[PDB]
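Residue numbers (the deposited numbering), protein chains in the order written: chain X, 1 to 611; chain L, 3 to 414, 419 to 476; chain A, 192 to 382; chain K, 3 to 414, 420 to 474. Don't be surprised by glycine CBs; every beta carbon is placed ideally from N, CA and C. Below is one structure, written out as structure tokens; comments come after it.
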Amino acid sequence: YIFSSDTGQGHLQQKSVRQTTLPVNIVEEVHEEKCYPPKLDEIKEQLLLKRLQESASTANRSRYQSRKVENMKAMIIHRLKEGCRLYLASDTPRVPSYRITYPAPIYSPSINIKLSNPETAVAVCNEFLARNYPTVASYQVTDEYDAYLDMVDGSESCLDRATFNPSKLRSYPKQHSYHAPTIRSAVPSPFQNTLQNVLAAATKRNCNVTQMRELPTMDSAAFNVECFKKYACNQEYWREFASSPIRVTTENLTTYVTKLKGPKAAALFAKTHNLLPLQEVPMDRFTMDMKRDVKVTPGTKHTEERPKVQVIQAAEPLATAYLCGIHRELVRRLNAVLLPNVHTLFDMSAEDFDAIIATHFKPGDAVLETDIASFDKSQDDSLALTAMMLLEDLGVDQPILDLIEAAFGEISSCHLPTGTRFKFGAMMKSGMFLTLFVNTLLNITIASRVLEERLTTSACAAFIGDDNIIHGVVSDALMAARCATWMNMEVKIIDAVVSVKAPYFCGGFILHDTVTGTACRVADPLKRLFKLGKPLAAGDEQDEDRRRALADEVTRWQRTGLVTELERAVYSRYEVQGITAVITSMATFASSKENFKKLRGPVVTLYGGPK
Amino acid sequence: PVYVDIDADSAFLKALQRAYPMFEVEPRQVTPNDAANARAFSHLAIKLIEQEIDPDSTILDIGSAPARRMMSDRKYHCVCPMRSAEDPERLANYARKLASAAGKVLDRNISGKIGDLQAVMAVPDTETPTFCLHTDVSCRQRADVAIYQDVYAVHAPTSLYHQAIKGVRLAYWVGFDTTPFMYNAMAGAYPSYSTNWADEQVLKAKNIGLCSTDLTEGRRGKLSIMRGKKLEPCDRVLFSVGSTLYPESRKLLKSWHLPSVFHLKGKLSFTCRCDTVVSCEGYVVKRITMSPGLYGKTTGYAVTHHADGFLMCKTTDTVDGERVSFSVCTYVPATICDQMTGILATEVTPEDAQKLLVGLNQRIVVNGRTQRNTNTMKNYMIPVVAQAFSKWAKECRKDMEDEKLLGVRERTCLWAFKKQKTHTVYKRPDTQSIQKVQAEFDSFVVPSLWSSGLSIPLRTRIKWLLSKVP
Amino acid sequence: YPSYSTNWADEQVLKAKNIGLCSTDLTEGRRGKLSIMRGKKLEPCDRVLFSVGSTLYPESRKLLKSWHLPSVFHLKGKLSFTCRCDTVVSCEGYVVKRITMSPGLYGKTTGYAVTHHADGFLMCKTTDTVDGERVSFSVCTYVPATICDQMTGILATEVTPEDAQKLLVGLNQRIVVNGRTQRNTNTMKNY
Amino acid sequence: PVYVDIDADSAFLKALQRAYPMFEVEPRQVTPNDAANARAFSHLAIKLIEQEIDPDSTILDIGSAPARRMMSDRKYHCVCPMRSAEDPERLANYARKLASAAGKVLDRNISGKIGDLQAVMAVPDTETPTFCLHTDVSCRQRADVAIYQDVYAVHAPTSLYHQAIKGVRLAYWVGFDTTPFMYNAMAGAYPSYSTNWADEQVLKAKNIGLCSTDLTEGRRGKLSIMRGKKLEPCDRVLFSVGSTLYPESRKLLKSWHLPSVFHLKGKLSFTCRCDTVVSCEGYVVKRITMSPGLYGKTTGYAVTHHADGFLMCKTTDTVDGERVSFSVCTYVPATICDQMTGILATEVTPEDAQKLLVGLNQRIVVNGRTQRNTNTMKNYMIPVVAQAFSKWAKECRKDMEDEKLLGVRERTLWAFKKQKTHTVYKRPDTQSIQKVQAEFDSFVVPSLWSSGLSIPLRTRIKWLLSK
Ligand SMILES: Nc1nc2c(ncn2[C@@H]2O[C@H](COP(=O)(O)OP(=O)(O)OP(=O)(O)O)[C@@H](O)[C@H]2O)c(=O)[nH]1
Ligand SMILES: Nc1nc2c(ncn2[C@@H]2O[C@H](COP(=O)(O)OP(=O)(O)OP(=O)(O)O)[C@@H](O)[C@H]2O)c(=O)[nH]1
Ligand SMILES: Nc1ncnc2c1ncn2[C@@H]1O[C@H](COP(=O)(O)OP(=O)(O)OP(=O)(O)O)[C@@H](O)[C@H]1O
Ligand SMILES: Nc1ncnc2c1ncn2[C@@H]1O[C@H](COP(=O)(O)OP(=O)(O)OP(=O)(O)O)[C@@H](O)[C@H]1O
Ligand SMILES: [Zn+2]
Ligand SMILES: [Zn+2]
């Protein structure tokens with residue numbers, strides 16, 4: 001997710017495109033990446049398969065999958081191209097674009113410090129938890145009978161416009177096997193797929209009705225786009241972009257499918273026999289998915305109240321494959337119209353982010369961080385109109401806009417195992433292929449309107465998802481009065497000062513180095529610490545990608561000139577002392593395969609076995 | 003409004019209101035009795051009857067306690083033989099209350115009730131318009147309405163005939179349902195009223211509602227000379243309502259399962275009918291009418307309507323260390339039966355059925371308003387009930403895998423047929439049951455000899471209590 | 192007659208096991224059952240028993256079938272009349288019929304009776320156990336119109352009995368919230 | 003309103019209110035007694051009894067403490083023989099309170115009590131409408147109501163008969179439930195009242211409520227020549243309520259488990275009944291009504307109603323260093339019993355059952371919120387209860403694999424095998440039945456009355472009353 005996940009896969013790429021070998025900033029030109037067209041070959045597969053049988057040590061098998069997957073990719077292109085005959089177009093001359101590059105970052109040396117006995121590391125971590133979090137360290141006294149306790153008490157829900165069968169509401173637990181954790185953090189296990197959990201998750205009541213597409217709604221949207229184009233964008237690209245539309249093209253589909261992996265291509269291939277046309281695919285029908293992981297934050301709140309259940313609304317598989325070739329062009333056009341001091345995390349890597357903010361943040365500087373998650377976007381219909389107006393200005397072809405618009409109105413969801421039907425009104429968060437883009441556009445628009453001209457005169461601004469940071473801005477009564485037109489809790493704002501109250505961004509800390517004198521971003525150690533106290537399901541063999549992720553994260557923590565700063569940042573955020581010992585404990589855990597085995601224990605089986 | 007002695011949080015209030023839609027019921031608890039549900043139903047039944055009886059009409063009351071009829075503004079004639087072990091307590095209480103409030107109100111013919119009670123104490127064989135010491139056969143008072151309240155010790159055709167020749171044209175009966183005893187079962191229960199009954203031969207069981215056993219280790223055998231090798235129902239049956247014990251007989255219990263129409267032939271002929279007007283989870287109210295003369299024809303059938311499930315299966319248990327098998331019957335709420343329709347389409351093990359029933363026994367609340375209760379049925383009957391459903395589903399799959407021909411019953419020179427196993431009987435809600443009974447009666451035998459049953463010391467005590475009139 | 196809690200059965204199948212009006216007892220199965228007669232045929236008789244609520248009414252088949260009058264019939268005797276029969280009200284089993292009678296003799300008779308269906312009528316073969324012996328006969332019932340309309344697509348292919356039962360249960364029981372109006376209804380009886 | 007000596011935040015308050023819906027119970031703690039729960043029930047039971055009896059009725063009192071009835075506006079006749087070590091202290095306390103309050107109170111007519119107490123002291127044989135030194139079968143005072151409160155030292159059929167011939171038509175009894183002693187158990191407990199009882203032969207056990215042991219290394223054995231191949235309950239039982247010890251006898255305890263209807267025969271004939279009116283987690287209140295004559299017929303059966311689970315199982319312990327086996331009994335709350343219905347559908351090891359019980363007792367969750375340390379049931383009884391459920395589940399499954407035929411008993420070699428039983432479990436809303444004797448005709452009258460006073464004692468009360 002964004003920077004890096006627990007398995008070190010992340011959402012960002014790993015190729016630098018914003019690096020230069022000169023001590024000054026240089027403007028360059030954006031180019032295109034050529035893609036190899038797949039080709040079909042059956043005679044090679046037949047002979048290789050027979051040659052696979054006679055001798056295959058290690059690389060002989062790999063040639064078979066590469067040949068087999070390559071055949072599947074060619075077949076998908078041939079079938080997919082025929083469906084969208086009424087929307088296919090050709091290549092028109094492109095509009096050139098330019099971008100700015102920055103010099104490479106400088107880092108301080110790192111020294112490794114670790115203990116020897118792995119059991120002592122567990123004792124230190126347990127001592128740290130008890131001293132700082134007394135209630136959390138005394139919760140576990142028996143096994144994990146959460147499923148049984150949830151069945152004993154009844155079902156409480158707050159639904160709206162839903163139907164279900166009462167005869168299928170039964171929640172007797174099934175077999176559950178896991179490994180007993182060693183760290184005394186009480187991280188819950190993922191929930192079981194039952195009808196009771198589905199109703200508990202859908203306990204949200206956002207029933208609000210306003211003017212759908214009337215005159216007052218249009219007036220608010222018209223003002224919003226005016227502020228965005230006046231305080232956050234330059235005027236050198238609008239007229240050129242309107243002349244050249246964006247349409248579905250063979251190159252878009254060929255490039256997209258080639259980027260998929262093995263298993264993903266096979267899954268898509270299985271749904272190409274009865275291929276519906278593009279105009280036949282419904283755009284307002286979704287399916288319900290439950291398989292998720294619970295989210296826990298440092299503190300003592302999960303030992304008193306049960307956490308919520310996460311859900312996913314999945315769209316049609318063919319809908320996200322026909323039109324997913326226009327995401328790259330939309331990103332390029334958006335980056336071209338933004339001001340040089342306004343940045344977006346799309347199409348960057350970890351190193352590029354460090355080089356941009358290398359010489360901007362210094363001690364004693366005020367930074368404003370604001371999130372917009374706590375806001376009901378379903379109350380006002382103008383939030384959807386504003387996004388469409390921005391999309392139309394960017395140069396989206398007219399019939400394609402109708403297909404996109406159909407997914408932002410009335411939608412329905414269904415649960416296949418139980419046949420449960422749900423209906424929702426205007427919704428912004430979903431599982432479609434424009435979710436981050438629309439959220440980023442709305443985040444910039446909200447900030448631009450509230451801050452007015454204070455956004456233009458700034459040193460560095462970064463926007464991604466629902467989080468943002470703006471340099472050199474404080475909190476005054478003018479923004480409170482402007483934002484209090486409807487209510488007061490639209491957004492949450494926090495004031496931060498470098499080297500005194502470290503700013504928080506995307507689950508990390510922004511710190512200023514001492515030896516070199518440059519800014520850098522590091523991860524959150526407490527978030528990792530609670531995560532090692534999560535039970536591991538039996539039969540899982542993913543205990544090697546996590547060790548490498550921990551090893552990389554530990555090295556970044558032990559850089560010289562950042563030990564003292566990290567201590568103060570954690571204390572000013574969570575009011576906790578003594579994290580250097582925890583970091584040392586993490587170092588010895590991620591040193592060998594056998595040292596990582598001390599975080600687990602004997603296997604415990606519940607609700608299973610007729611003995 | 004009518005007040006009942008139950009708490010406000012009980013789930014039985016909804017059932018009572020549904021069965022009595024012409025009243026307004028409120029709870030008011032003043033006593034923690036263990037049989038509150040049973041007593042509440044009887045209180046409401048009497049109120050309904052009094053609204054259907056024309057006033058200024060005298061009423062007979064067979065086997066009554068006169069303490070609870072004192073405040074009623076009607077004409078009651080109690081028939082109180084001195085036959086049971088509770089009679090002396092009832093008589094003393096009746097006298098004490100009469101004298102203690104002889105002048106406070108004096109508006110319910112208190113003086114008359116005292117006057118004729120003294121007359122009976124002088125001469126035993128005396129008839130008074132309020133009290134007597136005879137039986138239902140030896141009584142001589144003439145009336146037109148008879149009321150039976152929890153009577154199980156008389157023969158219905160004989161008792162009814164003696165009332166008819168004295169001018170009675172209407173009768174009422176209140177008591178438990180007699181359907182389980184027509185199926186020849188060994189044990190049963192009424193969960194809603196906390197009532198358990200069992201045969202005298204299985205009082206040493208282990209997993210029924212009325213039993214007691216001991217701990218043993220296992221010895222090779224017993225030198226019991228008397229060998230029966232038979233286990234069949236007998237006459238003796240024991241009842242337990244709350245914490246009270248009542249012995250009963252099967253012959254008298256089955257005699258109250260009357261058909262729709264029957265004839266009584268003797269020195270005079272009568273025609274009678276029988277209908278059910280109130281039914282709630284085990285308690286029924288029956289109305290019987292009589293008319294002189296013979297009309298129509300009889301068939302001899304009894305019909306019972308089921309508003310909820312009824313089960314009768316076969317179970318295995320150890321009686322006094324020996325493993326045997328018998329039959330058990332019970333009642334099931336309608337909501338539970340409805341939601342098991344989809345599960346029983348295939349074969350299911352008893353282990354799985356028990357787990358499903360427990361899950362279905364939990365509350366469902368949507369938007370702050372409840373839809374399913376937290377305890378629809380009691381938990382001590384789930385194991386036996388879950389076993390019954392397992393066998394029922396098995397017997398349905400075998401029936402549909404062996405098809406016969408239309409209009410032909412196969413019986414295969420000598421021709422013979424085969425009988426199949428039947429280990430469970432299930433009567434779903436909204437389903438009727440029909441039985442065969444007798445509809446013609448012509449024999450009415452009586453002892454024809456009455457003897458007094460009152461002792462001298464009891465007479466002196468009653469007179470002494472009534473002596474102090476202030 | 193599910194909508195009125197009415198069940199009727201023939202006098203020869205009163206000891207069945209899985210019908211509306213029957214009663215049986217527990218047994219263990221026997222091989223040496225012999226009977227005096229060797230009856231091999233099972234036709235309905237003239238005696239039928241009705242049960243409305245908790246009340247029993249004996250009936251006869253010939254008298255019941257005599258009220259299924261045609262649309263036009265002639266009564267010939269000392270005085271001749273022409274008669275007609277119409278149905279004006281029908282609701283899930285109960286009908287109201289009106290007959291007009293006029294003196295004289297007119298027209299021509301055909302001899303057909305027509306019944307209009309608004310809900311749905313079924314009659315199939317079932318296998319049960321009567322007095323411990325397994326036989327087969329026929330039963331009939333009424334089905335609502337909404338259920339029949341929603342089963343059109345499923346019966347295009349072949350379906351097993353267990354699959355059909357599960358689909359019917361899901362269509363029958365439902366709870367709808369839709370703001371501030373909860374229903375918890377049942378379309379048809381579950382037995 | 004009625005005030006009880008109970009902490010304001012205890013779980014027993016809800017149980018008391020449910021058992022007495024005609025009163026208003028409020029807590030007021032003034033002393034840290036170790037048996038507070040056992041005294042609150044007795045206080046409420048007496049108040050209910052007085053409310054239903056009419057005034058101006060003479061009330062007897064067998065084995066009472068005169069100091070408790072001093073401030074009551076009722077007629078009492080205290081039968082107080084001197085046969086216990088706690089009796090001389092009670093008499094001195096009664097005299098001290100009587101003399102101290104002489105004059106300040108006028109509506110309780112204690113002036114008559116003071117002078118009348120002086121009369122019996124001078125001659126310890128004369129009768130008195132307020133005091134006496136006789137026994138239950140020796141007093142010759144006539145009344146109509148008799149009250150027994152925590153009495154286990156008399157024979158019920160004999161004591162009741164002697165009261166009936168004096169015109170008594172009502173009786174009451176307050177005490178512990180007799181059901182555990184009818185099952186012939188070796189040890190038991192009353193968790194709600196902090197009461198433990200044990201037999202004389204198991205006083206040196208290791209893992210029961212009332213026991214004590216030592217530390218040993220393990221020797222070859224003792225110089226024992228007697229065989230002693232029997233371990234059966236005897237007629238000697240020790241009770242412990244809080245910190246107070248009471249010895250009892252089994253025969254006298256079982257005599258109070260009276261049937262529903264029984265007859266008394268002799269010079270005069272009586273018929274009577276026994277009923278239960280109050281029951282709360284071990285304490286019961288019984289009412290007996292007696293009438294003269296002879297009516298009806300008897301059957302000799304006793305019925306007990308269970309509002310909460312009752313358990314009895316076989317356990318293995320180490321008495322004085324040697325392994326033995328015997329049976330124990332206890333009570334289980336109704337809420338715990340209902341929540342275990344699903345899990346006992348399978349075969350569970352004692353370890354799994356014990357862990358599940360701990361989670362239900364300490365870490366329960368309601369409405370999505372966790373309530374820490376509710377402690378519905380006391381923790382020291384969980385290990386034995388967990389084992390009982392494990393054996394019960396195993397026995398039920400074996401019964402399902404031995405299906406038999408209807409109404410037959412197999413005989414080939421004409422003896423039938425008897426199965427083994429290791430657990431008796433009574434679910435809530437289930438009744439138990441026992442067979443007892445309901446015909447009593449033989450009675451014995453001592454007629455050997457003799458005083459048990461002393462000269463130094465008599466002087467003490469005389470000095471106190473001669474202020
Ligand atoms: N099987 C049976 N049940 C009875 C009989 N008499 C009463 N009952 C039922 O037992 C319940 C309790 O009886 P009560 O209403 O308390 O009678 P009571 O006059 O207060 O005195 P008791 O009969 O001693 O309890 C009644 O509601 C009846 O349903 C009987 O004779 N036989
Ligand atoms: N087994 C048994 N229990 C008794 C006896 N007497 C009293 N108890 C119970 O012991 C409990 C402890 O309360 P106590 O403090 O003894 O009552 P008390 O008479 O006010 O004070 P004491 O002088 O200590 O007896 C009482 O509530 C009784 O229920 C007895 O003789 N045998
Ligand atoms: N003809 C009668 N025969 C018997 N009892 C009668 C008759 N008429 C009235 N009764 C009343 O029935 C009651 C007698 O019931 P019964 O003799 O069966 O007592 P029981 O031995 O305890 O058995 P049960 O449980 O049936 O009551 C008495 O109260 C009596 O007033
Ligand atoms: N007829 C009686 N026989 C014995 N005790 C009586 C009698 N009447 C009253 N009591 C009282 O019963 C109380 C119990 O005395 P008991 O003879 O049982 O000796 P204890 O061993 O100290 O008590 P317990 O046996 O109950 O533990 C005495 O205080 C006595 O005054
Ligand atoms: Zn009379
Ligand atoms: Zn005396």
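One thing to note: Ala358 of chain X has its Cβ no nearer than 8 Å to the Cβ of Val438 of chain X.
Rounded to the nearest whole angstrom, the CA to CA distance from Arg548 of chain X to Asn363 of chain A is 55 Å. Excluding five sequence positions before and after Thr332 of chain K, the CB atoms of its chain that fall closer than 6 Å to its own CB belong to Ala191, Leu313 and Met383, given in chain order.
No Cβ of chain K is located within less than 8 Å of the beta carbon of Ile440 of chain L. In this structure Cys315 of chain A is exposed. Its beta-carbon is surrounded by fewer than 16 other beta-carbon atoms within 10 angstroms. The count of Cβ pairs closer than 8 Å, one atom from the segment 107-121 of chain L and one from the segment 443-456 of chain L, stays below three, leaving the stretches out of contact. Listed along the chain, the chain K residues whose CB falls inside 7 Å of the CB of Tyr145 of chain X are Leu358 and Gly361. Note that the C-beta distance between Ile494 of chain X and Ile372 of chain X is not below 8 Å. Close CB contacts of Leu255 of chain K within its chain, under the 7 Å cut and outside five residues either way in sequence, are with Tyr154, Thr180 and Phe183 (chain order). Of all residues in the segment 393-426 of chain X, only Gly419 come within less than 8 Å of chain A when Cβ atoms are compared, listed by chain position. DSSP places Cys125 of chain X in the uninterrupted alpha helix (DSSP H) bounded by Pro118 to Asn132. Between the alpha carbons of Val305 of chain K and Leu460 of chain K lies a gap of roughly 44 Å. Burial check for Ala538 of chain X: the Cβ neighbour count within 10 Å stays below 16, so the residue is exposed. In the DSSP assignment, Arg449 of chain X falls within the alpha helix (DSSP H) that extends over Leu436 to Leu451. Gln31 of chain L belongs to the set of residues whose beta carbon lies under 8 Å from a beta carbon in chain K. Counting along the chain, the unbroken beta strand (DSSP E) around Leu266 of chain A starts and ends at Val263 to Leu266.
At the C-beta level, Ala336 of chain A and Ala355 of chain A stay beyond 8 Å of one another. Contact annotation, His307 of chain L with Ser245 of chain A: C-beta distance approximately 4 Å; criterion of less than 8 Å satisfied.
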